[PDB]
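Source file work_17.txt; content: compact mmCIF, N, CA and C atoms.
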# COMPACT_ATOMS: atom_id res chain seq x y z
N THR C 1 29.46 -102.15 -35.99
CA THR C 1 30.16 -102.88 -34.94
C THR C 1 29.76 -102.45 -33.54
N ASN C 2 29.23 -101.24 -33.37
CA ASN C 2 28.81 -100.73 -32.08
C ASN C 2 27.41 -100.16 -32.20
N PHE C 3 26.67 -100.21 -31.09
CA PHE C 3 25.30 -99.71 -31.05
C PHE C 3 25.13 -98.79 -29.86
N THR C 4 24.32 -97.75 -30.04
CA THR C 4 24.02 -96.78 -28.99
C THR C 4 22.53 -96.79 -28.72
N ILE C 5 22.17 -96.88 -27.44
CA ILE C 5 20.77 -96.86 -27.03
C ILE C 5 20.42 -95.44 -26.62
N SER C 6 19.42 -94.86 -27.29
CA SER C 6 18.98 -93.50 -27.03
C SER C 6 17.48 -93.49 -26.83
N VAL C 7 17.01 -92.50 -26.08
CA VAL C 7 15.59 -92.36 -25.74
C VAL C 7 15.07 -91.04 -26.30
N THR C 8 13.87 -91.09 -26.88
CA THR C 8 13.24 -89.92 -27.48
C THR C 8 11.86 -89.72 -26.86
N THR C 9 11.45 -88.46 -26.77
CA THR C 9 10.15 -88.11 -26.23
C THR C 9 9.12 -87.92 -27.34
N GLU C 10 7.86 -88.17 -27.00
CA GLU C 10 6.75 -87.99 -27.94
C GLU C 10 5.50 -87.72 -27.13
N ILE C 11 4.98 -86.49 -27.23
CA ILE C 11 3.85 -86.05 -26.43
C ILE C 11 2.61 -86.00 -27.31
N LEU C 12 1.53 -86.65 -26.85
CA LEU C 12 0.26 -86.65 -27.55
C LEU C 12 -0.84 -86.23 -26.58
N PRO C 13 -1.67 -85.25 -26.94
CA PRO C 13 -2.78 -84.88 -26.06
C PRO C 13 -3.84 -85.97 -25.99
N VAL C 14 -4.51 -86.04 -24.84
CA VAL C 14 -5.51 -87.06 -24.56
C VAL C 14 -6.92 -86.47 -24.52
N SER C 15 -7.18 -85.58 -23.56
CA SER C 15 -8.50 -84.99 -23.41
C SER C 15 -8.37 -83.64 -22.73
N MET C 16 -9.36 -82.78 -22.96
CA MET C 16 -9.38 -81.44 -22.42
C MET C 16 -10.39 -81.37 -21.27
N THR C 17 -10.49 -80.19 -20.66
CA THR C 17 -11.45 -79.98 -19.58
C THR C 17 -12.87 -79.99 -20.14
N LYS C 18 -13.76 -80.72 -19.47
CA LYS C 18 -15.15 -80.77 -19.89
C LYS C 18 -15.84 -79.44 -19.59
N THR C 19 -16.61 -78.95 -20.56
CA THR C 19 -17.27 -77.66 -20.47
C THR C 19 -18.78 -77.85 -20.49
N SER C 20 -19.47 -77.12 -19.61
CA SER C 20 -20.93 -77.08 -19.61
C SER C 20 -21.36 -75.63 -19.44
N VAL C 21 -21.89 -75.05 -20.51
CA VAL C 21 -22.29 -73.64 -20.53
C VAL C 21 -23.74 -73.55 -20.07
N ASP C 22 -24.03 -72.55 -19.24
CA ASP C 22 -25.40 -72.27 -18.86
C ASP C 22 -26.06 -71.42 -19.94
N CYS C 23 -27.06 -71.99 -20.60
CA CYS C 23 -27.59 -71.43 -21.84
C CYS C 23 -28.42 -70.18 -21.60
N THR C 24 -29.51 -70.31 -20.83
CA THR C 24 -30.38 -69.17 -20.56
C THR C 24 -29.73 -68.14 -19.65
N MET C 25 -28.70 -68.52 -18.89
CA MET C 25 -27.95 -67.52 -18.14
C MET C 25 -27.08 -66.68 -19.07
N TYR C 26 -26.41 -67.33 -20.02
CA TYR C 26 -25.49 -66.61 -20.91
C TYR C 26 -26.23 -65.78 -21.95
N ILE C 27 -27.40 -66.23 -22.41
CA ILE C 27 -28.14 -65.44 -23.40
C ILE C 27 -28.63 -64.14 -22.78
N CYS C 28 -29.51 -64.24 -21.78
CA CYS C 28 -29.93 -63.10 -20.96
C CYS C 28 -30.63 -63.64 -19.73
N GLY C 29 -30.19 -63.22 -18.55
CA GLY C 29 -30.72 -63.73 -17.30
C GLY C 29 -31.62 -62.75 -16.58
N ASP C 30 -32.48 -63.30 -15.72
CA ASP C 30 -33.39 -62.55 -14.85
C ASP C 30 -34.34 -61.66 -15.65
N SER C 31 -35.09 -62.29 -16.55
CA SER C 31 -36.06 -61.58 -17.37
C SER C 31 -37.12 -62.56 -17.85
N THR C 32 -38.39 -62.23 -17.59
CA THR C 32 -39.49 -63.05 -18.10
C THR C 32 -39.63 -62.91 -19.61
N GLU C 33 -39.39 -61.70 -20.14
CA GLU C 33 -39.44 -61.48 -21.58
C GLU C 33 -38.36 -62.27 -22.30
N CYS C 34 -37.22 -62.50 -21.65
CA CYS C 34 -36.20 -63.38 -22.22
C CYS C 34 -36.71 -64.81 -22.37
N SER C 35 -37.43 -65.31 -21.36
CA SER C 35 -38.02 -66.64 -21.45
C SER C 35 -39.07 -66.70 -22.56
N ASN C 36 -39.91 -65.66 -22.65
CA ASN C 36 -40.94 -65.62 -23.69
C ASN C 36 -40.35 -65.49 -25.09
N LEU C 37 -39.17 -64.88 -25.23
CA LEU C 37 -38.53 -64.76 -26.53
C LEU C 37 -37.66 -65.96 -26.88
N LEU C 38 -37.17 -66.70 -25.89
CA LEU C 38 -36.36 -67.88 -26.15
C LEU C 38 -37.17 -69.16 -26.28
N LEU C 39 -38.38 -69.20 -25.71
CA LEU C 39 -39.21 -70.39 -25.86
C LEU C 39 -39.92 -70.46 -27.20
N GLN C 40 -39.89 -69.39 -28.00
CA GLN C 40 -40.52 -69.37 -29.31
C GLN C 40 -39.53 -69.58 -30.45
N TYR C 41 -38.27 -69.89 -30.13
CA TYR C 41 -37.25 -70.17 -31.13
C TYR C 41 -37.14 -71.66 -31.45
N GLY C 42 -38.05 -72.48 -30.94
CA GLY C 42 -37.97 -73.91 -31.15
C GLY C 42 -36.93 -74.56 -30.27
N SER C 43 -35.92 -75.16 -30.88
CA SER C 43 -34.84 -75.84 -30.15
C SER C 43 -33.50 -75.38 -30.71
N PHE C 44 -33.00 -74.26 -30.18
CA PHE C 44 -31.66 -73.78 -30.46
C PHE C 44 -30.77 -73.81 -29.22
N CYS C 45 -31.29 -74.31 -28.11
CA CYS C 45 -30.57 -74.38 -26.84
C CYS C 45 -30.40 -75.82 -26.36
N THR C 46 -31.45 -76.63 -26.46
CA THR C 46 -31.36 -78.04 -26.09
C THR C 46 -30.40 -78.80 -27.00
N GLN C 47 -30.37 -78.45 -28.29
CA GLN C 47 -29.42 -79.07 -29.21
C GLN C 47 -27.98 -78.75 -28.82
N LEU C 48 -27.71 -77.49 -28.45
CA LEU C 48 -26.36 -77.11 -28.02
C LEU C 48 -25.98 -77.80 -26.72
N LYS C 49 -26.92 -77.91 -25.77
CA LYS C 49 -26.64 -78.60 -24.52
C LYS C 49 -26.37 -80.08 -24.74
N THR S 1 -30.62 -81.98 -16.16
CA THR S 1 -32.00 -81.62 -16.45
C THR S 1 -32.26 -80.12 -16.44
N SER S 2 -31.52 -79.35 -15.65
CA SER S 2 -31.73 -77.91 -15.53
C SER S 2 -30.47 -77.29 -14.93
N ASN S 3 -30.57 -76.03 -14.54
CA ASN S 3 -29.50 -75.33 -13.86
C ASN S 3 -30.01 -74.75 -12.54
N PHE S 4 -29.11 -74.68 -11.56
CA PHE S 4 -29.46 -74.19 -10.22
C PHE S 4 -29.03 -72.73 -10.13
N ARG S 5 -30.03 -71.84 -10.17
CA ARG S 5 -29.81 -70.41 -10.05
C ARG S 5 -30.56 -69.90 -8.82
N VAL S 6 -29.81 -69.51 -7.79
CA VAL S 6 -30.42 -68.88 -6.63
C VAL S 6 -30.81 -67.45 -6.99
N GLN S 7 -32.02 -67.06 -6.61
CA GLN S 7 -32.46 -65.73 -7.01
C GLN S 7 -32.20 -64.73 -5.88
N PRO S 8 -31.91 -63.47 -6.22
CA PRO S 8 -31.77 -62.44 -5.18
C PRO S 8 -33.09 -62.21 -4.46
N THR S 9 -33.01 -62.10 -3.13
CA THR S 9 -34.20 -61.96 -2.31
C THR S 9 -34.81 -60.56 -2.37
N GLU S 10 -34.02 -59.55 -2.73
CA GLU S 10 -34.50 -58.17 -2.81
C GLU S 10 -33.53 -57.38 -3.69
N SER S 11 -33.92 -56.15 -4.00
CA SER S 11 -33.15 -55.28 -4.88
C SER S 11 -32.87 -53.95 -4.20
N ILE S 12 -31.65 -53.45 -4.37
CA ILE S 12 -31.23 -52.18 -3.80
C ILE S 12 -30.78 -51.26 -4.92
N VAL S 13 -30.83 -49.96 -4.64
CA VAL S 13 -30.40 -48.94 -5.59
C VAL S 13 -29.59 -47.88 -4.84
N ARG S 14 -28.50 -47.43 -5.46
CA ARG S 14 -27.64 -46.41 -4.90
C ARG S 14 -27.41 -45.31 -5.92
N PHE S 15 -27.27 -44.08 -5.43
CA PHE S 15 -27.11 -42.92 -6.29
C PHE S 15 -26.37 -41.85 -5.51
N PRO S 16 -25.68 -40.91 -6.20
CA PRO S 16 -24.98 -39.84 -5.47
C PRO S 16 -25.92 -38.88 -4.76
N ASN S 17 -25.37 -38.04 -3.89
CA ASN S 17 -26.17 -37.13 -3.08
C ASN S 17 -26.79 -36.04 -3.95
N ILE S 18 -27.94 -35.55 -3.50
CA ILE S 18 -28.65 -34.46 -4.18
C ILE S 18 -27.93 -33.18 -3.77
N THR S 19 -26.97 -32.77 -4.58
CA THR S 19 -26.09 -31.66 -4.25
C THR S 19 -26.60 -30.37 -4.89
N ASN S 20 -25.95 -29.25 -4.52
CA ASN S 20 -26.07 -27.91 -5.09
C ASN S 20 -27.38 -27.21 -4.74
N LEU S 21 -28.33 -27.93 -4.12
CA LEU S 21 -29.54 -27.37 -3.50
C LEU S 21 -30.33 -26.44 -4.41
N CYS S 22 -30.92 -26.98 -5.50
CA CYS S 22 -31.69 -26.26 -6.51
C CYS S 22 -32.68 -25.25 -5.93
N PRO S 23 -32.54 -23.97 -6.27
CA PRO S 23 -33.40 -22.93 -5.68
C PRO S 23 -34.79 -22.97 -6.28
N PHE S 24 -35.75 -23.46 -5.48
CA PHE S 24 -37.15 -23.47 -5.87
C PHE S 24 -38.04 -22.70 -4.91
N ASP S 25 -37.52 -22.25 -3.77
CA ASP S 25 -38.31 -21.48 -2.81
C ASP S 25 -38.27 -19.98 -3.08
N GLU S 26 -37.22 -19.48 -3.74
CA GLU S 26 -37.17 -18.06 -4.07
C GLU S 26 -38.13 -17.71 -5.20
N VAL S 27 -38.36 -18.63 -6.13
CA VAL S 27 -39.28 -18.37 -7.23
C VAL S 27 -40.72 -18.61 -6.81
N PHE S 28 -40.96 -19.72 -6.10
CA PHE S 28 -42.32 -20.06 -5.69
C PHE S 28 -42.79 -19.27 -4.47
N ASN S 29 -41.88 -18.62 -3.75
CA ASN S 29 -42.24 -17.82 -2.57
C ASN S 29 -41.33 -16.59 -2.55
N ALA S 30 -41.82 -15.49 -3.13
CA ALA S 30 -41.08 -14.24 -3.19
C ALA S 30 -41.96 -13.11 -2.68
N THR S 31 -41.31 -12.10 -2.10
CA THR S 31 -42.04 -10.93 -1.60
C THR S 31 -42.62 -10.11 -2.75
N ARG S 32 -41.89 -10.02 -3.86
CA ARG S 32 -42.32 -9.24 -5.01
C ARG S 32 -42.15 -10.06 -6.28
N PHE S 33 -43.09 -9.89 -7.21
CA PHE S 33 -43.07 -10.56 -8.50
C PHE S 33 -43.12 -9.51 -9.61
N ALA S 34 -42.74 -9.94 -10.81
CA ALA S 34 -42.72 -9.05 -11.96
C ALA S 34 -44.12 -8.90 -12.55
N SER S 35 -44.20 -8.20 -13.67
CA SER S 35 -45.47 -7.95 -14.34
C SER S 35 -45.73 -9.00 -15.41
N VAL S 36 -46.97 -9.01 -15.92
CA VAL S 36 -47.34 -9.94 -16.97
C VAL S 36 -46.67 -9.59 -18.29
N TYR S 37 -46.42 -8.30 -18.53
CA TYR S 37 -45.74 -7.85 -19.74
C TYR S 37 -44.23 -7.86 -19.61
N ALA S 38 -43.71 -7.75 -18.39
CA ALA S 38 -42.27 -7.69 -18.16
C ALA S 38 -41.82 -8.83 -17.26
N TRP S 39 -42.26 -10.05 -17.56
CA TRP S 39 -41.93 -11.21 -16.75
C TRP S 39 -40.43 -11.50 -16.81
N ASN S 40 -39.88 -11.94 -15.68
CA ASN S 40 -38.46 -12.25 -15.58
C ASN S 40 -38.24 -13.74 -15.82
N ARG S 41 -37.29 -14.06 -16.69
CA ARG S 41 -36.98 -15.44 -17.03
C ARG S 41 -35.90 -15.95 -16.09
N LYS S 42 -36.23 -16.99 -15.32
CA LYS S 42 -35.31 -17.59 -14.37
C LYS S 42 -34.91 -18.98 -14.87
N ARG S 43 -33.61 -19.23 -14.92
CA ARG S 43 -33.07 -20.50 -15.38
C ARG S 43 -32.36 -21.20 -14.23
N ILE S 44 -32.68 -22.48 -14.03
CA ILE S 44 -32.05 -23.31 -13.00
C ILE S 44 -31.26 -24.39 -13.72
N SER S 45 -29.96 -24.46 -13.43
CA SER S 45 -29.08 -25.42 -14.08
C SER S 45 -27.93 -25.75 -13.13
N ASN S 46 -27.10 -26.71 -13.56
CA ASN S 46 -25.92 -27.18 -12.82
C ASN S 46 -26.29 -27.69 -11.43
N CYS S 47 -27.45 -28.35 -11.34
CA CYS S 47 -27.97 -28.86 -10.08
C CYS S 47 -29.04 -29.90 -10.38
N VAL S 48 -29.05 -30.98 -9.61
CA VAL S 48 -30.06 -32.02 -9.78
C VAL S 48 -31.35 -31.59 -9.10
N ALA S 49 -32.44 -31.58 -9.86
CA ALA S 49 -33.70 -31.02 -9.39
C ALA S 49 -34.38 -31.95 -8.39
N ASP S 50 -35.09 -31.34 -7.44
CA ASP S 50 -35.91 -32.05 -6.48
C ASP S 50 -37.34 -31.54 -6.56
The structure in this file should be written as structure tokens.
Amino acid sequence: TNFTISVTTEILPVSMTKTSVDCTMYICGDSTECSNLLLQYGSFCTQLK
Amino acid sequence: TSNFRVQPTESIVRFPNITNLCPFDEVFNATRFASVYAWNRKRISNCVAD
């Protein structure tokens, strides 16, 4: 015989902060030997990027 | 396409003072020295060498 109007909340996530990691900086920076050792691994950095 | 990394233009180094003044002039310049059979053993420690 009677009706009650009530409101409910519902929170859904949408998107997170976009991340871009610096690959050769994070592996080891400021070294020519690092470049010579990372360029012979094929593609383990471009795929991640 | 790449990353922008500015490189340092030069490199500096810092270190503590050369303390305790390691005695090298008393051994290398002495008025009297010992004998070849009775040589005196001198040890320098607890000081950074120059």
Which parts of chain S does DSSP call helix (DSSP H, G or I) when run on the backbone here, written out as a ChimeraX atom specification? /S:25-28
Let me see the file: selected residues, N, CA and C atoms, as a tab-separated table (two decimals), in the frame of the given file.
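File written: part-v5.tsv
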chain	number	residue	atom	x	y	z
S	25	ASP	N	-37.52	-22.25	-3.77
S	25	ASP	CA	-38.31	-21.48	-2.81
S	25	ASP	C	-38.27	-19.98	-3.08
S	26	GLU	N	-37.22	-19.48	-3.74
S	26	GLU	CA	-37.17	-18.06	-4.07
S	26	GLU	C	-38.13	-17.71	-5.20
S	27	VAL	N	-38.36	-18.63	-6.13
S	27	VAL	CA	-39.28	-18.37	-7.23
S	27	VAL	C	-40.72	-18.61	-6.81
S	28	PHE	N	-40.96	-19.72	-6.10
S	28	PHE	CA	-42.32	-20.06	-5.69
S	28	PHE	C	-42.79	-19.27	-4.47
With distances taken over only C-alpha atoms, which of S:7, S:15, S:22, S:34 is nearest to residue 48 of chain S? S:22
Under the rule of at most 12 Å, produce a per-residue listing of chain S near chain C: chain, number, name, the closest pair of atoms, and the distance in Å, as CSV, using only C-alpha atoms.
residue,atom,partner,partner_atom,distance
S:1,CA,C:49,CA,10.1
S:2,CA,C:22,CA,9.1
S:3,CA,C:22,CA,7.2
S:4,CA,C:22,CA,9.7
S:5,CA,C:25,CA,8.8
S:6,CA,C:30,CA,10.8
S:7,CA,C:30,CA,8.5
S:8,CA,C:30,CA,9.8
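Here atom CA of residue 49 of chain S stands at a distance of 7.8 Å from atom N of residue 23 of chain S.
One distance worth recording is that between atom CA of residue 14 of chain S and atom CA of residue 45 of chain S, which is 23.0 Å.
Relative to atom C of residue 27 of chain S, atom N of residue 43 of chain S is found at 10.8 Å.
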Give me, as a PyMOL selection string, all polymer residues having an atom no more than 6.5 Å from residue 47 of chain S, counting all atoms listed in the file and skipping those fewer than 4 positions away in the same chain. chain S and resi 19-22
